[PDB]
DNA sequence: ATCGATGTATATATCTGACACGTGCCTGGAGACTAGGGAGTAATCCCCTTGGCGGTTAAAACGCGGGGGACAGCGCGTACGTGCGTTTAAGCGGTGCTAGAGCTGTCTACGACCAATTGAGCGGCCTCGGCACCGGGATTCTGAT
DNA sequence: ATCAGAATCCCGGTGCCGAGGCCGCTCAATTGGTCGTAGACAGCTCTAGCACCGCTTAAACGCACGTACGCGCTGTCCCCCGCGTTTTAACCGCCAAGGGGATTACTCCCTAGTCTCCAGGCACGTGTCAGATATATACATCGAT
């Protein structure tokens, strides 16, 4: 068997079946979605790395990711992404 | 009293006196040279980090730095920079 | 005795907080990674995925093809204003372009 | 314990190999840093510094000045072909521009 | 007989090729071009099929965006025809020269 | 009296301001503009002097490079006068609009 | 309205440094709008960098980092 | 083996098709050699970077990943071939 | 109403049940077409009476374009004897009339907007993406395409009584939705 | 005006490879416990940002003639678009094979870590010479003639 | 060509302040030793890329011909430039304050590290169904008719 190679396909699939509960998705669009998620991950984590190194911090907190989201994403997308992320962090710390 | 902020000012001054023993340099030009060295350092080290992550290695070697220099810098500039780096690494390995 | 439990369920997420956390630690982004950072980041990735997939599903419904192809993602990204600003220097393969013709080329 | 010969002297460099090694280890660029990597990187930084400072000293001598000011570094960078490609998305403060006027604006 | 005016079938081709998603350069001449260009950098290279497909998608996206900017240059000069100076203006304003 | 042809003292002024390195916007109006713009993002903000100076050097470098690209647009359209459509073409080809 | 404080002579000086011979009269309001958009982007990112550090003064390093994020790297104010 | 006369394999109808996707109503005759030179310059840049990535890996086949990294290195990020 | 909807397209399917070859049917007939990339089956057309022929190598026969149901039966019989005289064995079993298409005119325009607002669950109208209005009642499986002019076309039927009952069933709503 | 050839938006038919989904496995993610050090907080201090006064001068605002450049109209000729017959090579479908991608195992060189040493680099102070402003003469273009 | 005339450039003098040098200090690099681990090398597998070959057919190519568009020329008028006058507000300097940013010290809680364990996610098999694509019916358009 080939060595395990992780991918974001299953998650993007669950998000698609929540949002559009009857549509499918091609495998090429799947690879596009996987590379999109990886690219935005690299962008936000790189800006968080820069934010931790600028302020002489050694940890990446939710504040560094939140500020990196405000820097990377455009305006209304950034407000809604900050709202969804804060909602998820509160739901995580409450449980 | 204040924090001993690191800076490349004395090394840029030594290289300037090595290549131009009577020419000096202003303070704003010294800050531009310091930020230039910091910027090129961050570029080459960032691309060396990328090269180490793409090949699933955990060590930045001189091969990663050589390839990152060959990627960042344009042609004749990159070949002379690779020549300088190879001469310096061989001189470092010949010594202890 | 908490035999089955995951972090994504606690944070009400589908995206893996464990994989995101492992990628943040193995990516050499910092020396340490806080506990809420992969939760927040997986939420942001989930929101951006939901926005692009929503607009691509709307494009697919408009084009009457159920499956999402690269063309629908390209139409969704280039037709949204803020997603085109996020992905302005990004080429989506097999995506084509927006059908835009300049007005001075259209005839009488 | 013999006399502590500085690593920079061994490699035959003016730029600090030890400081570059400390910045590579504290910069979270990778988990480990090889021994020849700061030597190579300090050599490349010294070569690029020497190239810019040579061309800037030439520009300052052509302007009959002794000190290098930002204007001389800007002339050195923008007059070289490959340094303009390396610093194409870089603004040098107090540097001005190259004295270039388009041909259609020059008169009879 | 029948004859179209110059420029109507051109707009029909514009609508067709902006409606479609296929690759517009043919695959084997592009692959031969890629191998000759790679020949200078190093010898005995083997190219994965996906690599040449990625180079073709990227190259055609680059050329399509450059022709959009070239069309903006030509319309700016009160023209409809794109000239090579339109490509030169687009590539200089982009930062490529 | 005496009178120069229109464009000669302008070209000499071009040579003067391309020879010099000074800031061409005056400091205090630019600083007031920076603080007014900053006010909406967050109230009660201070600025270091070096911050305002850095913003001036970046803003003037951006505007000077945009006026070079605008000049290329105007020369491309067989003009010498720069129009606002030249600025719009320069900002569209760079990828800003 | 201090956006008008970016005067017509200042825009003419910037265009002369850009090598512009003749300037139309509608250039100045568009140039002021362009400068306001540029400064809005850069100042928004710099104030984001300032609020992240829990500071209330915008330092020059925040402006320099904000410029590098745009890809308009600036030398001479740290880095 | 040995390859030549291939940039003219990017034919005049192919350049016209790419211009039709670009929304170009009418094309000069001098466009095609300029476009072939531009495509040659772009391919030289991307292929030089891809070769450097290939060599650094001590490989001899240029993978899709190498091209994708060579395009991300130039700000021409390409989705759909890996990550 | 009272007027019989004129039948336009009678699409039926008959099974042949034999092993065939494509080159001999493609060469031993008249006015045939084979494009391998589009279909792996040979297409053909017969002028008297007009019906487009659709030949499968597995022993399948699809007739379209008949003017009436008896016309489709005689067309399938004609295609069967074509298959018999070229040299295979064709039969006349499992006559599946899956599509009956009829058209007529009510001679008066019908206000589409009223049927869209009163029957938003039953219909949907947008001026630039679909000028026809879709209607589907529940006792048959049927798709309707009432138009601005008042053109009414039915399809997907198995027997012409369905188009008759559906025309008399849709006649009240368009009868109270007249326009001039 | 007109008309017909060409795309287009809905009806059924079958066909197909890719997409959905079901399954086994296993290895990565989760529970639990630990230290320790990084981050949070509180007091302090000083420096550097804000704010004001004043003058004053150089720069901005404004008016106006005019000239030269934008722009609209026009003619032309030629280069490019359109269509058609020919040919050429791309695409596709098999065949074969072997370089090399990729994975596994081993082990040793090599880099993290740690303690002691110490000397390079940084902060601070001082000074002098390069540079900047001012005045004048000389040269350099500019423009009408 | 020539000459008056603004405008820039060279030379010299006065000043001044910032770059260069020196000295104390301190902390960060060096050296010496230890230990885990990672990647260099060998070797095996088996994938997929290359090389070739034959057939088909659609795209490329060469050419004829017409015409729309690029380009050059001309006139006009408008609106931007050059310049003189008035005004105004930036700049320099100087001072005061206070506030917030940097500093140091103490604490505590949050994350890496390690061990166990199991179940999500990945590779793989398979089945079936979205897309494709041919035929009536109906409708915008486009340009010769």
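Protein chains in written order, with this note's numbering: chain A, 1 to 95; chain B, 96 to 191; chain C, 192 to 299; chain D, 300 to 407; chain E, 408 to 504; chain F, 505 to 601; chain G, 602 to 680; chain H, 681 to 763; chain I, 764 to 943. All C-beta atoms, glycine included, are put in the ideal place defined by N, C-alpha and C.
Under 7 Å between beta-carbons, which chain D residues line up against residue 221 of chain C? List them in chain order, please. Mapped onto the third chain, residue 221 of chain C falls at position 30. Those within 7 Å of residue 221 of chain C in chain D are 327.
Residues of the segment 172–183 of chain B with Cβ closer than 7 Å to any Cβ of chain D, in chain order: 172, 175, 176, 179, 180 and 183
For residue 161 of chain B, does the count of other Cβ atoms within 10 angstroms reach 16, so buried, or fall short, so exposed? Counting from 1 along the second chain, the entry for residue 161 of chain B is found at position 66. That one is buried.
Per DSSP, what are the beta-bridge partners of residue 866 of chain I in this structure? Walking along the ninth chain from the start, residue 866 of chain I turns up at place 103. Beta-bridge pairing links residue 866 of chain I to I/769 and I/916.
Can you round the beta-carbon distance between residue 285 of chain C and residue 703 of chain H to whole angstroms, since I take them to be within the 8 Å contact cut? On the third chain, position 94 is the one that residue 285 of chain C refers to. On the eighth chain, position 23 is the one that residue 703 of chain H refers to. With a Cβ gap of about 19 Å, residue 285 of chain C and residue 703 of chain H do not count as contacting.
Bridge partners of residue 759 of chain H, per DSSP? The residue labelled residue 759 of chain H in the question sits at position 79 within the eighth chain. DSSP lists C/283 as partners of residue 759 of chain H.
Taking contact to mean 3 or more Cβ pairs, one atom from each stretch, closer than 8 Å, check whether the segment 580–597 of chain F and the segment 363–370 of chain D are in contact. no
For residue 23 of chain A, which residues from the same chain have a beta carbon less than 8 Å from its beta carbon, with the 5 sequence-adjacent residues on both sides left out? Translated into the one-based positions of the first chain, residue 23 of chain A becomes position 23. Answer for residue 23 of chain A: 16, listed in chain order.
For residue 154 of chain B, does the three-state DSSP call read helix, strand or coil? By 1-based counting over the second chain, the position of residue 154 of chain B is 59. Three-state result, residue 154 of chain B: strand.
Using a Cβ-Cβ distance under 7 Å, would residue 622 of chain G count as near chain D? Residue mapping note: residue 622 of chain G aligns to position 21 of the seventh chain, counting from 1. It does: the Cβ of residue 622 of chain G has a partner Cβ on chain D nearer than 7 Å.
Exposed or buried, residue 380 of chain D, counting other C-beta atoms within 10 Å across all chains shown (16 or more means buried)? Position 81 of the fourth chain, counting from 1, holds the residue named residue 380 of chain D. The residue is exposed, with fewer than 16 neighbouring Cβ atoms inside 10 Å.
Are the segment 54–66 of chain A and the segment 220–239 of chain C in contact at 8 Å, needing three or more beta carbon pairs? yes
Which of the three DSSP states is assigned to residue 857 of chain I in this structure? Stepping through the ninth chain from its first residue, residue 857 of chain I is reached at position 94. The answer is strand: DSSP assigns residue 857 of chain I an E or B state.
Output, in chain order, the set of chain A residues within a Cβ distance shorter than 7 Å of residue 759 of chain H. Taking the first residue of the eighth chain as 1, we reach residue 759 of chain H at position 79. Neighbours of residue 759 of chain H on chain A, chain order: 32, 35 and 36.
Which of the three DSSP states, helix, strand or coil, is assigned to residue 778 of chain I? Taking the first residue of the ninth chain as 1, we reach residue 778 of chain I at position 15. Note: residue 778 of chain I maps to strand in three-state DSSP.
With DSSP as the reference, label residue 206 of chain C as helix, strand or coil. The residue given as residue 206 of chain C occupies position 15 in the third chain. Residue 206 of chain C: coil per DSSP, three-state reduction.
Under 7 Å Cβ-Cβ, which residues of chain C neighbour residue 3 of chain A? As a first step, residue 3 of chain A must be located in the first chain, where it is residue number 3. Ordered by position in chain C, no residue passes the 7 Å Cβ test against residue 3 of chain A, which lies about 16 Å from the chain.
For residue 464 of chain E and residue 302 of chain D, I'd like the C-alpha separation in whole angstroms. If you number the fifth chain from 1, residue 464 of chain E lands on position 57. If you number the fourth chain from 1, residue 302 of chain D lands on position 3. C-alpha separation (whole angstroms): 60 Å.
Short check: CB of residue 176 of chain B to CB of residue 164 of chain B, under 7 Å? Here residue 176 of chain B refers to the residue found at position 81 when the second chain is read from its first residue. Here residue 164 of chain B refers to the residue found at position 69 when the second chain is read from its first residue. Against a cut-off of 7 Å, the Cβ pair of residue 164 of chain B and residue 176 of chain B comes out as a contact.
If I measure Cβ to Cβ from residue 926 of chain I and keep anything under 6 Å in the same chain, skipping five residues before and after, which residues do I get? Sequence index remark: in the ninth chain, residue 926 of chain I carries index 163 (1-based). The answer, listed in chain order, is 768, 865, 917 and 920.
Whose C-alpha, out of A/79, A/7, A/64 and A/34, is nearest the C-alpha of residue 220 of chain C? Along the third chain, one-based indexing puts residue 220 of chain C at 29. When only C-alpha atoms are compared, the closest one is A/64.
In this structure, does DSSP put residue 1031 of chain I in helix, strand or coil? The structure shown has nothing for residue 1031 of chain I, since chain I only spans 764 to 943.
Since I believe residue 877 of chain I is in contact with residue 940 of chain I (beta carbons under 8 Å), could you give me their beta-carbon distance rounded to a whole number of angstroms? Walking along the ninth chain from the start, residue 940 of chain I turns up at place 177. Walking along the ninth chain from the start, residue 877 of chain I turns up at place 114. Going by Cβ atoms, the distance from residue 940 of chain I to residue 877 of chain I rounds to 5 Å, so yes, they are a contact pair.
Let me know if residue 414 of chain E comes out buried or exposed under the rule of 16 or more other beta-carbons within 10 Å of its beta-carbon. On the fifth chain, residue 414 of chain E is found 7 positions in, with the first residue counted as 1. Exposed.
Is there a Cβ of chain C sitting closer than 7 Å to that of residue 67 of chain A, yes or no? Sequence index remark: in the first chain, residue 67 of chain A carries index 67 (1-based). No, residue 67 of chain A lies away from the interface with chain C (no Cβ there is under 7 Å from its Cβ).
Can you list the residues of chain F that residue 400 of chain D reaches, using a CB-CB cut of under 9 Å? In the fourth chain, residue 400 of chain D corresponds to position 101, counting from 1. Going along chain F in sequence order, the residues near residue 400 of chain D (Cβ under 9 Å) are 515, 518, 519 and 522.
Cβ closer than 9 Å: which chain C residues qualify as neighbours of residue 756 of chain H? Here the question's residue 756 of chain H lines up with position 76 in the eighth chain. By Cβ distance, chain C contributes 280, 281 and 282.
By the 9 Å beta-carbon criterion, what residues does the segment 571–599 of chain F contribute toward chain G? 571, 572, 573, 574, 575, 578, 583, 584, 585, 586, 587, 588, 590, 591, 592 and 595
Proximity test, residue 810 of chain I beta-carbon vs the ligand PLP heavy atom, cut-off 6 Å: In the structure shown, the ligand PLP is absent, as is every other ligand, since no ligand is present at all.
Could you check which residue in D/374, D/306 and D/307 has the C-alpha nearest to that of residue 357 of chain D? Taking the first residue of the fourth chain as 1, we reach residue 357 of chain D at position 58. Nearest C-alpha to residue 357 of chain D: D/374.
My guess is that residue 107 of chain B and residue 348 of chain D are in contact by the Cβ rule of under 8 Å, so how many angstroms apart are they, rounded? As a working mapping, residue 107 of chain B is identified with position 12 in the second chain. As a working mapping, residue 348 of chain D is identified with position 49 in the fourth chain. About 6 Å; that satisfies the 8 Å criterion.
Would the beta-carbon of residue 873 of chain I fall within 7 Å of that of residue 937 of chain I? As a first step, residue 873 of chain I is located in the ninth chain; it is residue number 110 there, counting from the start. As a first step, residue 937 of chain I is located in the ninth chain; it is residue number 174 there, counting from the start. Yes.
Report the neighbours of residue 354 of chain D on chain G: residues whose CB is nearer than 9 Å to its CB, in chain order. Numbered from 1 along the fourth chain, position 55 holds the residue referred to as residue 354 of chain D. By Cβ distance, chain G contributes nothing, its closest Cβ being about 16 Å from residue 354 of chain D, past 9 Å.
Closer than 8 Å at the beta carbon, the chain H residues around residue 158 of chain B: Here residue 158 of chain B is taken as the residue at index 63 of the second chain, counted from 1. Neighbours of residue 158 of chain B on chain H, chain order: 736.
Answer yes or no: does any C-beta atom of chain B fall closer than 7 Å to that of residue 619 of chain G? Reading the seventh chain from its first residue, position 18 is the one you call residue 619 of chain G. For residue 619 of chain G, the answer is no, since every Cβ of chain B falls outside 7 Å of its Cβ.
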